[PDB]
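S.K.: First the structure, then my questions, so here it is.
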Amino acid sequence: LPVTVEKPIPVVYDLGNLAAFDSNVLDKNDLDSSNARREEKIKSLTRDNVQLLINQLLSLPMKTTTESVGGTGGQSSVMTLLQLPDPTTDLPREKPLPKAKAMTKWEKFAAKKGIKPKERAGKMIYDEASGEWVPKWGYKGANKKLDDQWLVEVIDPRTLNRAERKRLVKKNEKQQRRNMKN
Amino acid sequence: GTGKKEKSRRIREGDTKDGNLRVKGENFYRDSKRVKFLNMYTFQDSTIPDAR
Amino acid sequence: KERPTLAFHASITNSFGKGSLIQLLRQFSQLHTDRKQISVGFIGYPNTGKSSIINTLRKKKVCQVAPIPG
Amino acid sequence: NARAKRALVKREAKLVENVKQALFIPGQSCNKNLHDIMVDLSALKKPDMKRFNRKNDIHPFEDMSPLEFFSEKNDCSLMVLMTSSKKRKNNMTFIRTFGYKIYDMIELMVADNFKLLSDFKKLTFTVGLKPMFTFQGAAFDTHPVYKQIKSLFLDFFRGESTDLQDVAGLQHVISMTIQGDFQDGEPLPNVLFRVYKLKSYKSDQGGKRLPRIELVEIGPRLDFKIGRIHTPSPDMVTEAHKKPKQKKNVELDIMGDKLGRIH
RNA sequence: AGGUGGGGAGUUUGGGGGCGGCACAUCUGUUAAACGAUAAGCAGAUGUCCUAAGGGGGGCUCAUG
Ligand SMILES: [Mg+2]
């Protein structure tokens, strides 16, 4: 019934991972697998350690929001929660850091030149003779307008534009392949 | 020259491979980042933009 | 209670407190390292220390100084 | 096509790593007791648990390439392969992988006195909840082998790294103990693994602030014998401890105001 | 031999930043790997909503005997 627990050596706690360490002396006499009291001693030691960890864990602050269920990503105000601290144990990583980036020639040119990066304003470009935005790329853009239009006043020239666009795409792919070796 | 010549410096630095970006006044003193800044001390196109 | 209150003397060469003000300005510049530029303006009654303090900061007479308010 | 791209995105290294996936491979000598032990381990590893189709004939110590190949093809960082030889009775192997390459190898064997989960008293247990841990004995931190075992167990069972925990989430605790202390140079005593369910006895003696913690053992009860061990090189250890790198007289005061000290 | 080499001389010092963008039911020349099936692209009358990704939700199971 009593909850008091104490040890001679101060206990080390890892609240960031719900773990604790107890460097206290281990009783080899009773820990032997052949002993029957072994199980009871292990149970008592585990209970004491868990009591100490819970006492230390509950001392952490707890958040209390004023919101409601709301969306699926919300949190209920009623559910009190303990704010755990940052992790302390430096567990080994599983993969390296992908700090490597693309050294494409464009970045070097931009660094050398004063050309600031594009602001990515939007897809809605403007055209004429249609009374509509007709965005550049994304849905029935001006790229296919030259093929769709039925007057090419200037041998089939409609296919030549598509061939030129495909050649530009191939050139972009070749540039990508060349930069992949950086 | 020989070292004083800017051609030798360009060859040594390897910028000749990308000489297309040669800025007017490319020298050891006051490189492009400074030449362009100073050129501003040397806006009235009256263009008609479509404010849509 | 509300200001640093740096003691200063406006002697052109035998200035007092110049080092403290220089250190304060250096600290302010360190705070604004990302700005790369900063300027300090002077406010006060005429002929108090403005031109003389500026000159002693520069260590030489640059701005005209005389016992005259203007 | 986007489905494959989503998987490849997870395959690539992430700044914040998710729960380390565990792959279980039954060896050529997958005993029925070994199968039960694997099932019990999976019960404490779900839902981030994967089991192979059938038996295997892979020797991690005599063949490291197959483990790396399986990890790469399954994107699993943690690997477990249970295999018991005539000399190494009830032996179980645990392996970690860094960048699809072998990180370390450790042999763990369970004594015949082990008790399965079904043998213990039935109690509620929710999958996916992060359990608590308790380490007893200075050897856990003062010894290399025990430190590695502790790190492996934590990485296997620490689950997510969330900074917010529910009070009701503390359902059970894992007791990590050793078979008594030992002198320098002596054989390493077997590691004792126990799992205890938590009971919230009223705080009559402890007033209201803290309840009387009670424990009920549910198993599995395992004593881990120490066999062959492999460790990574210092360079690999340093690589595995890298940080994402994510200010003189600069501090963000309350309300987000950027204040400083004049000195 | 190599090097400093407007210290010296002749000369100019013109008239310009963003852009590429489509996926499936089709048939034709190459590809065709040659007892063949007919694939992994090129360009084409061909559309179509898959809003240039099919993301979710609810259902069906399939070549071939
Ligand atoms: Mg004055």
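Each chain of the structure tokens is named A, B, ... in the order shown, its residues numbered from 1; ligands are numbered from 1 in display order.
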Could you list, as JSON, numbers by chain, all residues that come within 6 Å of ligand 1? Count only C-alpha atoms (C1' of nucleotides) and all ligand atoms.

M.R.: {"C": [46, 47, 69, 70]}

S.K.: May I have the selected residues written with C-alpha atoms, as a short mmCIF file (atom, residue, chain, number, x, y, z; two decimals), in the first residue's frame?

M.R.:
```
data_model
loop_
_atom_site.label_atom_id
_atom_site.label_comp_id
_atom_site.auth_asym_id
_atom_site.auth_seq_id
_atom_site.Cartn_x
_atom_site.Cartn_y
_atom_site.Cartn_z
CA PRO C 46 22.57 73.39 -30.04
CA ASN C 47 26.28 73.53 -29.18
CA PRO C 69 24.98 77.51 -31.59
CA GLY C 70 24.75 77.31 -35.38
#
```

S.K.: Enumerate as number ranges by chain all residues of chain B assigned to alpha helix (DSSP H) by DSSP on the backbone, naming them with the chain letters and numbers the document uses.

M.R.: B: 6-13, 32-39

S.K.: In Å, how far is it from atom CA of residue A:104 to atom CA of residue B:13?

M.R.: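 Distance between the two atoms: 19.7 Å.
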
S.K.: Select residues of chain C: the criterion is any atom within 9 Å of an atom of chain D, counting only C-alpha atoms; output as a list in words.

M.R.: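 The selection requested is residues 4, 24, 27, 28, 30 and 31 of chain C.
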
S.K.: How about saving the chosen residues, N, CA, C and O atoms kept, as a PDB file, in the first residue's frame?

M.R.:
```pdb
ATOM      1  N   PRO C   4      21.188  53.635 -20.992  1.00  0.00           N
ATOM      2  CA  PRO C   4      22.562  53.253 -20.624  1.00  0.00           C
ATOM      3  C   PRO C   4      23.321  54.353 -19.901  1.00  0.00           C
ATOM      4  O   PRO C   4      24.092  54.064 -18.976  1.00  0.00           O
ATOM      5  N   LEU C  24      30.296  50.216 -27.199  1.00  0.00           N
ATOM      6  CA  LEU C  24      28.845  50.126 -27.323  1.00  0.00           C
ATOM      7  C   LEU C  24      28.420  50.090 -28.786  1.00  0.00           C
ATOM      8  O   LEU C  24      27.554  49.294 -29.173  1.00  0.00           O
ATOM      9  N   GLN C  27      29.223  46.704 -30.217  1.00  0.00           N
ATOM     10  CA  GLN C  27      28.227  45.717 -29.810  1.00  0.00           C
ATOM     11  C   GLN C  27      26.940  45.875 -30.611  1.00  0.00           C
ATOM     12  O   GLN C  27      26.341  44.883 -31.044  1.00  0.00           O
ATOM     13  N   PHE C  28      26.500  47.119 -30.818  1.00  0.00           N
ATOM     14  CA  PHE C  28      25.300  47.350 -31.617  1.00  0.00           C
ATOM     15  C   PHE C  28      25.483  46.837 -33.040  1.00  0.00           C
ATOM     16  O   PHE C  28      24.576  46.217 -33.607  1.00  0.00           O
ATOM     17  N   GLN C  30      27.503  44.432 -33.939  1.00  0.00           N
ATOM     18  CA  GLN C  30      27.489  42.977 -33.835  1.00  0.00           C
ATOM     19  C   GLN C  30      26.062  42.449 -33.793  1.00  0.00           C
ATOM     20  O   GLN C  30      25.757  41.411 -34.392  1.00  0.00           O
ATOM     21  N   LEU C  31      25.173  43.150 -33.086  1.00  0.00           N
ATOM     22  CA  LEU C  31      23.773  42.741 -33.051  1.00  0.00           C
ATOM     23  C   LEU C  31      23.149  42.800 -34.441  1.00  0.00           C
ATOM     24  O   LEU C  31      22.350  41.932 -34.809  1.00  0.00           O
TER      25      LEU C  31
END
```

S.K.: Considering only C-alpha atoms, give me a table of residues in chain A that are at most 9 Å from chain D, with the closest atom pair and distance in Å for each, as a tab-separated table.

M.R.:
```
residue	atom	partner	partner_atom	distance
A:1	CA	D:212	CA	6.3
A:2	CA	D:205	CA	5.3
A:3	CA	D:212	CA	5.1
A:4	CA	D:206	CA	7.8
A:16	CA	D:163	CA	7.2
A:17	CA	D:158	CA	6.5
A:18	CA	D:132	CA	5.1
A:19	CA	D:133	CA	4.4
A:20	CA	D:134	CA	5.0
A:21	CA	D:135	CA	4.6
A:22	CA	D:136	CA	4.5
A:23	CA	D:138	CA	4.0
A:24	CA	D:137	CA	5.6
A:25	CA	D:137	CA	6.2
A:26	CA	D:180	CA	4.8
A:27	CA	D:180	CA	5.5
A:28	CA	D:180	CA	3.9
A:29	CA	D:180	CA	7.6
A:30	CA	D:180	CA	8.3
A:31	CA	D:179	CA	5.5
A:32	CA	D:179	CA	6.4
A:33	CA	D:179	CA	7.9
A:42	CA	D:177	CA	8.0
A:43	CA	D:215	CA	7.2
A:44	CA	D:215	CA	8.5
A:45	CA	D:136	CA	8.7
A:46	CA	D:175	CA	6.0
A:47	CA	D:215	CA	5.9
A:48	CA	D:213	CA	8.1
A:49	CA	D:134	CA	6.6
A:50	CA	D:213	CA	7.2
A:51	CA	D:213	CA	5.5
A:53	CA	D:134	CA	8.6
A:54	CA	D:210	CA	8.3
A:55	CA	D:210	CA	6.8
A:58	CA	D:210	CA	8.4
A:62	CA	D:164	CA	8.8
A:63	CA	D:164	CA	8.8
A:79	CA	D:166	CA	7.8
A:80	CA	D:166	CA	7.2
A:81	CA	D:166	CA	4.9
A:82	CA	D:165	CA	5.6
A:83	CA	D:164	CA	4.9
A:84	CA	D:163	CA	5.0
A:85	CA	D:163	CA	6.4
A:86	CA	D:163	CA	6.9
A:87	CA	D:161	CA	7.8
A:89	CA	D:151	CA	8.9
A:90	CA	D:241	CA	7.1
A:91	CA	D:151	CA	6.7
A:92	CA	D:240	CA	4.9
A:93	CA	D:240	CA	4.4
A:94	CA	D:98	CA	4.6
A:95	CA	D:99	CA	4.6
A:96	CA	D:13	CA	6.6
A:97	CA	D:13	CA	6.5
A:98	CA	D:13	CA	6.4
A:99	CA	D:244	CA	8.9
```

S.K.: Residues near residue B:33, anyone? I mean within 10 Å using only C-alpha atoms (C1' of nucleotides), not counting same-chain ones fewer than 2 positions away, as a list in words.

M.R.: residues 112, 113 and 114 of chain A; 23, 26, 30, 31, 35, 36, 37 and 38 of chain B

S.K.: Would you mind listing, as a list in words, all residues of chain E that have at least one atom within 12 Å of chain B, where only C-alpha atoms (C1' of nucleotides) are what counts?

M.R.: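 Therefore, the residues near the partner are residues 3, 4, 5, 6, 13, 14 and 16 of chain E.
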
S.K.: Once you count only C-alpha atoms (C1' of nucleotides), which residues of chain A turn out to be within 12 Å of chain E? Could you give them as a short mmCIF file (atom, residue, chain, number, x, y, z; two decimals) with N, CA and C atoms, in the first residue's frame?

M.R.:
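Result went into iface_38.cif, see below:
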```cif
data_model
loop_
_atom_site.label_atom_id
_atom_site.label_comp_id
_atom_site.auth_asym_id
_atom_site.auth_seq_id
_atom_site.Cartn_x
_atom_site.Cartn_y
_atom_site.Cartn_z
N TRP A 106 22.85 25.61 -63.58
CA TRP A 106 21.95 26.74 -63.38
C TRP A 106 22.24 27.46 -62.07
N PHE A 109 25.37 29.59 -62.39
CA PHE A 109 25.10 30.77 -63.20
C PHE A 109 24.30 31.80 -62.42
N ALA A 110 23.28 31.35 -61.69
CA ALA A 110 22.49 32.27 -60.89
C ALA A 110 23.34 32.95 -59.82
N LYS A 113 25.44 35.43 -61.81
CA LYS A 113 24.61 36.50 -62.35
C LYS A 113 23.76 37.13 -61.24
N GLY A 114 23.12 38.24 -61.58
CA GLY A 114 22.19 38.92 -60.71
C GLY A 114 20.75 38.51 -60.89
N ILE A 115 20.49 37.43 -61.63
CA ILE A 115 19.13 36.99 -61.90
C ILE A 115 18.56 36.38 -60.62
N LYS A 116 17.58 37.05 -60.02
CA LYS A 116 16.95 36.52 -58.83
C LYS A 116 16.04 35.35 -59.19
N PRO A 117 15.84 34.41 -58.27
CA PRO A 117 14.97 33.27 -58.57
C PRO A 117 13.54 33.71 -58.84
N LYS A 118 12.87 32.99 -59.73
CA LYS A 118 11.48 33.30 -60.06
C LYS A 118 10.60 33.11 -58.83
N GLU A 119 9.57 33.96 -58.73
CA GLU A 119 8.69 33.97 -57.56
C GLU A 119 7.55 32.97 -57.66
N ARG A 120 7.41 32.26 -58.78
CA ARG A 120 6.35 31.28 -58.95
C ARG A 120 4.98 31.91 -58.69
N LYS A 136 -0.85 28.93 -69.03
CA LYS A 136 0.27 28.47 -69.85
C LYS A 136 0.34 26.95 -69.88
N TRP A 137 0.50 26.33 -68.72
CA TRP A 137 0.58 24.88 -68.62
C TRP A 137 -0.26 24.40 -67.45
N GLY A 138 -0.91 23.25 -67.63
CA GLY A 138 -1.69 22.64 -66.58
C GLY A 138 -3.02 22.09 -67.06
N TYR A 139 -3.67 22.80 -67.99
CA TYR A 139 -4.91 22.31 -68.57
C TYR A 139 -5.15 23.03 -69.89
N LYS A 140 -5.05 22.30 -71.00
CA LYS A 140 -5.34 22.83 -72.33
C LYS A 140 -4.69 24.20 -72.52
N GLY A 141 -3.40 24.27 -72.22
CA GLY A 141 -2.67 25.52 -72.28
C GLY A 141 -2.34 25.95 -73.69
N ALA A 142 -1.66 27.09 -73.78
CA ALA A 142 -1.29 27.64 -75.08
C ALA A 142 -0.34 26.72 -75.84
N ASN A 143 0.31 25.78 -75.15
CA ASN A 143 1.24 24.87 -75.83
C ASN A 143 0.54 24.11 -76.94
N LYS A 144 -0.66 23.59 -76.67
CA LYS A 144 -1.44 22.87 -77.66
C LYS A 144 -2.35 23.78 -78.47
N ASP A 156 3.62 19.69 -93.49
CA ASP A 156 2.66 19.92 -92.42
C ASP A 156 3.34 20.68 -91.29
N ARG A 158 1.93 21.76 -88.45
CA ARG A 158 1.38 21.42 -87.14
C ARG A 158 2.26 20.40 -86.42
N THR A 159 2.71 19.37 -87.14
CA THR A 159 3.54 18.35 -86.52
C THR A 159 4.94 18.87 -86.20
N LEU A 160 5.41 19.88 -86.94
CA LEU A 160 6.74 20.41 -86.69
C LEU A 160 6.84 21.05 -85.31
N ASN A 161 5.79 21.75 -84.88
CA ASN A 161 5.81 22.35 -83.55
C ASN A 161 5.86 21.28 -82.46
N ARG A 162 5.09 20.21 -82.61
CA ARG A 162 5.14 19.12 -81.65
C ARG A 162 6.52 18.47 -81.64
N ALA A 163 7.12 18.29 -82.82
CA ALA A 163 8.46 17.72 -82.88
C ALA A 163 9.47 18.62 -82.18
N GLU A 164 9.35 19.93 -82.38
CA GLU A 164 10.25 20.86 -81.71
C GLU A 164 10.08 20.81 -80.20
N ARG A 165 8.84 20.74 -79.72
CA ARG A 165 8.60 20.63 -78.29
C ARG A 165 9.19 19.35 -77.73
N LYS A 166 9.02 18.23 -78.44
CA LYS A 166 9.59 16.97 -77.99
C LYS A 166 11.11 17.03 -77.99
N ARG A 167 11.70 17.70 -78.98
CA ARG A 167 13.15 17.85 -79.00
C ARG A 167 13.64 18.70 -77.83
N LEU A 168 12.89 19.75 -77.48
CA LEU A 168 13.24 20.54 -76.30
C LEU A 168 13.15 19.70 -75.03
N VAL A 169 12.12 18.86 -74.93
CA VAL A 169 12.00 17.97 -73.77
C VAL A 169 13.18 17.01 -73.72
N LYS A 170 13.58 16.48 -74.88
CA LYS A 170 14.73 15.58 -74.93
C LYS A 170 16.01 16.30 -74.52
N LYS A 171 16.16 17.55 -74.94
CA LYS A 171 17.32 18.34 -74.52
C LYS A 171 17.32 18.55 -73.01
N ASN A 172 16.15 18.82 -72.44
CA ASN A 172 16.06 18.96 -70.99
C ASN A 172 16.43 17.65 -70.29
N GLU A 173 15.98 16.52 -70.83
CA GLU A 173 16.34 15.23 -70.25
C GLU A 173 17.84 14.98 -70.35
N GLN A 175 20.15 17.30 -70.40
CA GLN A 175 20.76 18.16 -69.39
C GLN A 175 20.63 17.54 -68.01
#
```

S.K.: Just the number, please: distance in Å from atom CA of residue A:65 to atom CA of residue A:77, one decimal.

M.R.: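 Between atom CA of residue A:65 and atom CA of residue A:77 the gap works out to 5.0 Å.
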
S.K.: Within 12 Å of chain D, which residues of chain E show up when using only C-alpha atoms (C1' of nucleotides), listed as a PyMOL selection string?

M.R.: chain E and resi 23+53-55

S.K.: When you look at stretch 46-60 of chain D with a cut-off of 8 Å (counting only C-alpha atoms (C1' of nucleotides)), what residues show up, excluding the ones that are within fewer than 2 positions of it in the same chain? I need them as a list in words.

M.R.: residues 19, 20, 21, 22, 23, 24, 25, 26, 27, 28, 30, 42, 43, 44, 62, 63, 64, 66, 67, 105, 127 and 128 of chain D

S.K.: When DSSP works through the backbone of this structure, what residues of stretch 185-226 of chain D end up as strand (DSSP E or B), shown as a PyMOL selection string?

M.R.: chain D and resi 191-201+212-217+221-226

S.K.: Just want the 9 Å neighbourhood of residue C:12, counted on only C-alpha atoms (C1' of nucleotides), with same-chain residues fewer than 2 positions away dropped. Output as a compact mmCIF listing (two decimals) with C-alpha atoms, in the first residue's frame.

M.R.:
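Output saved as around_12.txt:
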```txt
# COMPACT_ATOMS: atom_id res chain seq x y z
CA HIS C 9 33.53 64.26 -22.92
CA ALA C 10 33.74 66.21 -26.18
CA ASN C 14 41.73 64.24 -24.84
CA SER C 15 38.27 62.68 -24.89
CA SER C 52 32.54 68.09 -31.06
CA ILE C 53 31.55 64.52 -30.15
CA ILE C 54 31.48 63.55 -33.83
CA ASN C 55 34.92 65.09 -34.38
CA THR C 56 36.44 63.40 -31.32
CA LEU C 57 34.95 60.09 -32.47
CA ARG C 58 36.69 60.68 -35.80
CA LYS C 59 39.81 61.74 -33.81
CA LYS C 60 40.10 64.90 -35.95
CA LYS C 61 38.17 68.06 -36.76
```

S.K.: Provide the atom CA of residue D:218 to atom CA of residue D:199 distance in Å, to one decimal place.

M.R.: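 Spanning atom CA of residue D:218 to atom CA of residue D:199 is a straight-line distance of 12.4 Å.
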